[PDB]
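Asker: There's a structure below that I have some questions on.
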Amino acid sequence: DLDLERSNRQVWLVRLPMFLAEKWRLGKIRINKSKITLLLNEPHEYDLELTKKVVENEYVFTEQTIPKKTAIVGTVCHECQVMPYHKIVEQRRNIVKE
Amino acid sequence: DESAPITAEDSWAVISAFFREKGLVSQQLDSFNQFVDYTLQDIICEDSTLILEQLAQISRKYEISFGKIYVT
Amino acid sequence: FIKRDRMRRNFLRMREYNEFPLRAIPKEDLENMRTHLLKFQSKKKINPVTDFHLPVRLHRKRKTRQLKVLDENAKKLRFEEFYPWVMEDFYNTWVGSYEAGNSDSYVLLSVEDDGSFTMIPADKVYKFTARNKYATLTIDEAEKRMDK
Amino acid sequence: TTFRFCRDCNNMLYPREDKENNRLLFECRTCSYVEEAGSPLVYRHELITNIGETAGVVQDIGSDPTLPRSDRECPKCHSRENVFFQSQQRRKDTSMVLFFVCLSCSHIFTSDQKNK
Amino acid sequence: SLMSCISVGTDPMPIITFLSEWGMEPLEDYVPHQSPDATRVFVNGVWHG
Amino acid sequence: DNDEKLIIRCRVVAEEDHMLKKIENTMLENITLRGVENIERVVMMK
Amino acid sequence: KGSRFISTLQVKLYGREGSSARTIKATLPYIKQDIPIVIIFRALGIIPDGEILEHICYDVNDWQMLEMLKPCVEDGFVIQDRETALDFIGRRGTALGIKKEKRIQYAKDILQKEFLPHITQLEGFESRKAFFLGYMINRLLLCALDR
Ligand SMILES: [Zn+2]
Ligand SMILES: [Zn+2]
């Protein structure tokens, strides 16, 4: 009984620098009108690049022969990677068995 | 002065400071040392786990693992 | 002309904008559902599933004492899931495949009615073939023809 | 030679003679898609091949330390700072004619005084 | 030769990791026609992007 | 020979192309224009 | 590190220069006969020929390479589907499977594991191996063009 809820929803995909993404495994976005950034809770601000302006054929879904519980989320609207006290993070990046 | 360019004869001083560090037959010693520190631990770790499957009529397992290796 | 060793004597005698907040959803929703990207190989740019028509479905298609060989939990689970899914109307058919390298870092930003967003971590990523377009399945017969 | 691909089949188009209109088309044997030809040309072998001589020119070529430098001025921007190298096609009969690459306009200009 | 030495080798993982963070595009996103001039990147004969 | 561009054109009396492109090879390789086979690079020497 | 692998891949360009229908077939581990490259790509899961050309040749402008591709494209036209390709590869070699249901999975398993033991043996990286293969094909042709 698969059902498309909307697909109308637009989502953006983020490639996030790895340590923060792993930690996630809240902020506030300021959009500058074609340059945009994130004001974090404390901390850094970040710029996010418009990575791919046109993203089509790419949609997001969820789950709940074996058919299973199925629903659609929405469309990938735009592709984005995050860009980045930034001195400390750069130094940690530089630092990067028995 | 300290920042001046260097003459050719100077270069020998470098080479001395090289062999003081390395020694003539060093690659043998360093390669072997790396093998002793890392390879033994990795070889043992890679395939250590072995399990025996025991059947009864209830089925059963036996298992032996290999840990940190010790050298004398 | 000769080699100078008197360097012991020499060295001794010398020395508008808009600010929209972000939030992590209550994990209960996350607990209910895993989220997976969708990608098509079509080259047909549009491909909205609305265009795909309907009805939509999306579904996946005596020994003595002896030895067992060992394996990992994550790999074993992924391997045990080899029935790939698929979708159709009652016909257009897409067949997906685990990207497997891109799990990596993918953070979802859902645009909601208000400019604020919710963000969910991406589970996996899949790549959907558009399959059986010209609809000739020539199979064993095709291989036999090849044997020409 | 510069053959196209089908739509949604993406496969290469094989030329089809139209006997009805006596004109050339392109068929995709996996589907019904056929479109018109843009040229009577179909196949070109080009036995003797002069292309690939200038191959490998890169935006960063001026940064290559292993390449020699020359003082000859460019015909366009008249910049005497340039890097030169021989024909990239590797074959027995390949001529030794140099290709000078300016470091200003990136232009490629040869050293050959016979044919230009 | 006197000053020649033989490499004892290291682990590729930290390097491979380090690349992506500096903007290496992962192989799977590569579209040859669309990004023609990009230099492709090998590590120990394995091509990561 | 007067033509600054040397041109040669040919035609013939069910998938015709492979047959033609086939004939192209016979033209290049399988036609000995003149001279004795197997011989190459005949050098005049005084 | 480990197992001291001898496994070797070869990519062979058939036919002598000047003779048309020079084609490209590739050997695999445990398979008796060489398998054409388009077939290998179909097994990897890339059906459409245009995509395969894109993987092999990275410059749309060069006609020459694309030209020498067409024989391989023709064989690919003969075998048009992924599953059909996997069945074909499995049938071509290692007859101990004896059962079609297991043999196709077995061919896929070989591609994931034994084919190109570097890169990865993990599942889902087929896309990753695909390009590296095309890269080889590129380099080989790029030799046959005397570049
Ligand atoms: Zn088509
Ligand atoms: Zn110039």
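Chain D is numbered as in Swiss-Prot; the shown residues are, in order, 2-117.
Placement of Cβ uses the backbone N, Cα and C atoms for every residue, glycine included.
Straight out of Swiss-Prot:
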BINDING   D:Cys7, D:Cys10, D:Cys29, D:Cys32  Zn(2+) 1 binding site
BINDING   D:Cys75, D:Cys78, D:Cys103, D:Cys106  Zn(2+) 2 binding site
MOD_RES   D:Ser40  phosphoserine
ZN_FING   D:7-32  zinc finger
ZN_FING   D:71-111  zinc finger
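Help me see these features in their spatial surroundings.
Answerer: Secondary structure at D:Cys32 (Zn(2+) 1 binding site), taken from DSSP and collapsed to helix, strand or coil, is coil. Within 10 Å of the Cβ of D:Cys32 (Zn(2+) 1 binding site) there are 16 other Cβ atoms, across all protein chains.
Spatially close to D:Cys106 (Zn(2+) 2 binding site) yet at least six residues away along the chain are D:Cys75, D:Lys77, D:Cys78, D:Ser80, judged by Cβ distances under 8 angstroms. When secondary structure is read from DSSP and collapsed to three states, D:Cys106 (Zn(2+) 2 binding site) falls in the coil class.
Taking all protein chains in view, 8 other C-beta atoms sit within 10 angstroms of the C-beta of D:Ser40 (phosphoserine).
Sequence-distant contacts of the zinc finger (D:7-32), counting only residues of its own chain at least 6 positions beyond either end whose CB sits under 8 Å from a CB of the stretch, comprise 38, 41, 43.
Long-range neighbours of the zinc finger (D:71-111) within the same chain, counting only residues 6 or more positions beyond its ends whose Cβ lies under 8 Å from a Cβ of the stretch, are 50, 53-58, 60, 62-63, 65, 117.
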Asker: For chain G, give the subset of the binding-site residues D:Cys10, D:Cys29, D:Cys32, D:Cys103, D:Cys106 whose C-beta is less than 8 angstroms from one of that chain's C-beta atoms, in sequence order, otherwise 'none'.
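Answerer: So the ones by chain G are D:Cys10.
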Asker: Looking only at D:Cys75, D:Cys103, the binding-site residues on record, which one has the least crowded Cβ, with the fewest other Cβ atoms within 10 Å?
Answerer: D:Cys75
Asker: Looking only at the zinc finger (D:71-111), what are its DSSP counts of helix, strand and coil residues?
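Answerer: So the counts come to 0 helix, 14 strand, 27 coil.
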Asker: Just to be sure I understand the contacts, which binding-site residues have a Cβ under 6 angstroms from any atom of ligand 2? Candidates are D:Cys7, D:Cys29, D:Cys32.
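Answerer: The qualifying binding-site residues: none of them.
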Asker: Provide, as an integer number of angstrom, the distance between the C-alpha atoms of D:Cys7 (Zn(2+) 1 binding site) and D:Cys103 (Zn(2+) 2 binding site).
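Answerer: Between the Cα atoms of D:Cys7 (Zn(2+) 1 binding site) and D:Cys103 (Zn(2+) 2 binding site), the distance comes to 41 Å.
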Asker: If I take the alpha carbons of D:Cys32 (Zn(2+) 1 binding site) and D:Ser40 (phosphoserine), what is the distance between them in whole Å?
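Answerer: Between the Cα atoms of D:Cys32 (Zn(2+) 1 binding site) and D:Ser40 (phosphoserine), the distance comes to 23 Å.
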